[PDB]
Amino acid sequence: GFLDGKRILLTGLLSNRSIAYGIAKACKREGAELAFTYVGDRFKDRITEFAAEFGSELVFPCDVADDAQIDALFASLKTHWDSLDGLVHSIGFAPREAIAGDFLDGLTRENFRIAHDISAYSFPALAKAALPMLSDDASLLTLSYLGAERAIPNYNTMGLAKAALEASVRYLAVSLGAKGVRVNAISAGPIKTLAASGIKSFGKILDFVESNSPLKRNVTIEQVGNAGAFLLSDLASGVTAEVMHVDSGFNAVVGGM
């Protein structure tokens, strides 16, 4: 497959509806060797089962709020792998009130801080901690959303954090590029599932994308997964600093009129 022998660490695989799950499935299909992170001891068994499904026992805890755990992640990974060829950053969080209702109603210094700390800072932080062991042709991938580019109802403080994240893709690409490392994001369309506690229903958005996107359908984690696998691979060796929309073309229209 087109990722034969590539060693790729994936963060954020929480369930089989996780974008990271779709990415892992495509990476494994194309020949990659995988490793996984998780946060919260109650998830250790679940992530270990997912890792085994993808032929791996390489599972490590990492809360990206914690500098020591970030450093420990790579020290642990290094005991198994001399080098890292891929990193998937599929980690996002904003406090419930900061992504519901009016933008200013949910805006506080602490909500702003946490959303940017977890959703934005953590990407180049992982990249920096990984750097000593990154292969010269490594590929780093994060996930964003159209709310970084244009104001979408409720996305609010997360839209600010994602804008900073997309900027970090560009600055990382310059920093790591002379070595040969590529850095990209996928701007994914919404993925249909029941909105978890802390996230407002986005059913209306899913209906609107299905009715108005060029392809008249929502994207799947399989579609986002395949695009991710492509970007992590040498097929994409000419591509860096890119925010690739995988969203059935929805970003490119003015729908609903």
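Numbering starts at 1 and runs along the sequence shown.
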Residue stretch of maximal mean CA temperature factor, 134-142 vs 99-107: 99-107
Higher-B stretch (mean Cα B-factor, as the entry records it), 39-47 or 22-30: 39-47
Residue, from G203, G228, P214, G189, that the PDB entry assigns the highest Cα B-factor: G203
C-alpha B-factor winner, where the candidates are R150, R182, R113, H80: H80
Position of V219 among the chain's modelled residues by C-alpha B-factor, lowest, middle or highest third: lowest
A68 by Cα B-factor - lowest, middle or highest third of the modelled chain: highest
Where the record places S76 (Cα B-factor, split into thirds across the chain): middle
Chain thirds of CA B-factor: placement of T240: lowest
Third of the chain's Cα B-factor distribution that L3 belongs to, per the entry: highest
